[PDB]
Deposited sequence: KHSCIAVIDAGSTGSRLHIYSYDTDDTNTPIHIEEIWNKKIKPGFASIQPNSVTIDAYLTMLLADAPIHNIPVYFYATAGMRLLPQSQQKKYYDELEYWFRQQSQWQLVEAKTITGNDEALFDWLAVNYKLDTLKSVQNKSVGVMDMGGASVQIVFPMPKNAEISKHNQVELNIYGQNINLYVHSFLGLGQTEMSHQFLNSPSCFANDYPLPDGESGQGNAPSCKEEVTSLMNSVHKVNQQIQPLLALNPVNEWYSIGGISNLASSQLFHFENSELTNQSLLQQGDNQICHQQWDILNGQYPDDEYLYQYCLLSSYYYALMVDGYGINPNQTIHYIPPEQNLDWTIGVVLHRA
């Protein structure tokens, strides 16, 4: 009845199979993309032993019960696998290539670790698809666990790396995008640099070094800005490009959308500003007595991190990207299930 494609998102914490049915319009672009099946397994691919028994157990658990035969499959790993040397990755892909050759139910089209730029492309396509803006300047930011992505329209520029630019034609229109991924600036990886910063945690929160939190979002933001700008040079790379290529609307996916959906934060219309984010983080968490807070919200296991995270998002978007602290940032809410793999259907199916 419809075309079908499978995309496996092999992420740092788990792998997620998505089977989509779609139709194609007369520009040769997928439409009516529907997720018909879904399977999620932990831990991440890069966290299992790369031998046949382990890979077989893992992929069987992921795929065996799929209600669909003879479908093309894309196996796309992201930041978790990017953290591994090429020679380690090879062990996984040798086993995986062999496993798929033993299954005629699944036609492996590609298995690879996509670059963060690739992932930025798919992010942009996925968001703009959900927003129905694709047949129509929309910027997308993905705040992931290990890497962060930014992507916005920008005219082809021969003085910028080809790796940071993508040309595509979508619903009949030629598009050029600037794409950038910062590996290490994802919230989990970045957090590992700041666990002993008392400025980044609720008062009396027990830091690993035996010291106590003493939260202050402006100070915590400054510490994080050092990693963004002194180490990753985010400001130098992104700000001159945004000054010249203004974005009309920002959309964010990933961790922002989770934090903004917490009980401790108040945001309407699935949008926020950096100023409000930082202020609420500073008041509700950074300067808050930890034990009292923890007692009031005992189920939220991300709570302890909200001072750091609010400071980190502001640092990234404001001090890094140069986004105005009062500029509206839309976020796709967690309930909505927007997935970057929708971008792969658009681009590759």
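Unmodelled region of the deposited sequence, numbered from residue 1: 137-140 only.
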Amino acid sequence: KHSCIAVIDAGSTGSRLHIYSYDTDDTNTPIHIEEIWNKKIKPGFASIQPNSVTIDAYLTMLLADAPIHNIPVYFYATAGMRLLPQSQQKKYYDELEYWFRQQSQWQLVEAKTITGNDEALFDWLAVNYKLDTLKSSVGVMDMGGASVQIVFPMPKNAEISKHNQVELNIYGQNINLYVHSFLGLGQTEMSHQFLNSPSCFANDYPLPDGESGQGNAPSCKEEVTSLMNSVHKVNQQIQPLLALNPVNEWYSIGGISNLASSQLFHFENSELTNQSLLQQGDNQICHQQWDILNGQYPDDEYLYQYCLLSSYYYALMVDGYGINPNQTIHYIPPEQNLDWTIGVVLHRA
From here on, numbers count along this sequence of modelled residues.
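Relative to its counterpart among 221-229 and 259-267, 259-267 has the higher mean temperature factor, C-alpha atoms as listed in the PDB entry.
Mean C-alpha B-factor is higher over 26-34 than over the other stretch, the pair under comparison being 43-51 and 26-34. Each of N128, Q214, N235, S136 has a CA temperature factor in the record; the biggest one is found at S136. Annotation for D291, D319, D282, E301: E301 ranks highest, by Cα B-factor. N70: CA B factor in the highest third of modelled residues in this chain (values from the PDB entry).
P334 sits in the highest third of its chain by CA B factor, as recorded in the PDB entry. In the PDB entry, a CA B factor belonging to the highest third of its chain's modelled residues is recorded for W106. In the PDB entry, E97 places in the middle third of its chain by CA B-factor. Split the chain's modelled residues into thirds by C-alpha temperature factor. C4 is in the highest one.
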